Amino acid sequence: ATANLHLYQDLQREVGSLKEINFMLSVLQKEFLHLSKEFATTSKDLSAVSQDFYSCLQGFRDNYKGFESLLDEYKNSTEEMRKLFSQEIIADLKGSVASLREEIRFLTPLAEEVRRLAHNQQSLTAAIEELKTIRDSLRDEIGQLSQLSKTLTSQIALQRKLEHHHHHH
């Protein structure tokens, strides 16, 4: 089994990446709020998908809180708490992080590409379809991450309460 210090270092790397992903998704969220309002009277379908990006990216930081919390538990940890450093779940997280980074890569140019097309009286049909496809992929990835994170939050919270309870004596 992988040493807990190495799993801590793996988690440190992935939580650092999650914080970058969170920041980049906050920028993209705001960009799609703008796009949604800009296009509300010009392209109802573009406006609706743009509002969907705004909505599905709400509270993204909360969707990895269990990982961030786990990382924060290592420094002065008990042996029991360190059982929550699961090599399978940290390896699974690495896949989520990579997939989210790639979704960002594909999404990054698309709002200003829509604006460019619209300013030139060009069709938005293909762009709208691409946006709906990325929205669906991103919802799937965020759901998978959120479930892993929420499980960890529950486990850490209970173990922390238990360890604090022992300080009655």
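In case it trips you up, residue 1 is the first one in the sequence shown, and so on.
Participant: Can you tell me whether 143-151 has a higher mean C-alpha B factor than 14-22 in this record, or the other way round?
Facilitator: Here the higher of the two C-alpha B-factor means belongs to 143-151.
Participant: Higher mean Cα B-factor in the deposited model: 64-72 or 28-36?
Facilitator: On average, C-alpha B-factors are higher across 64-72.
Participant: Between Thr108, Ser50, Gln121, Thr133, which carries the biggest CA temperature factor in the record?
Facilitator: That would be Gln121.
Participant: Against its chain's modelled residues, does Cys56's Cα B factor rank lowest, middle or highest third?
Facilitator: Its C-alpha B-factor, which the entry lists for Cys56, ranks in the highest third among residues of this chain.
Participant: Could you say whether, by C-alpha temperature factor, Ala126 belongs to the lowest, middle or highest third of its chain?
Facilitator: Its C-alpha B-factor belongs to the highest third of this chain's values.
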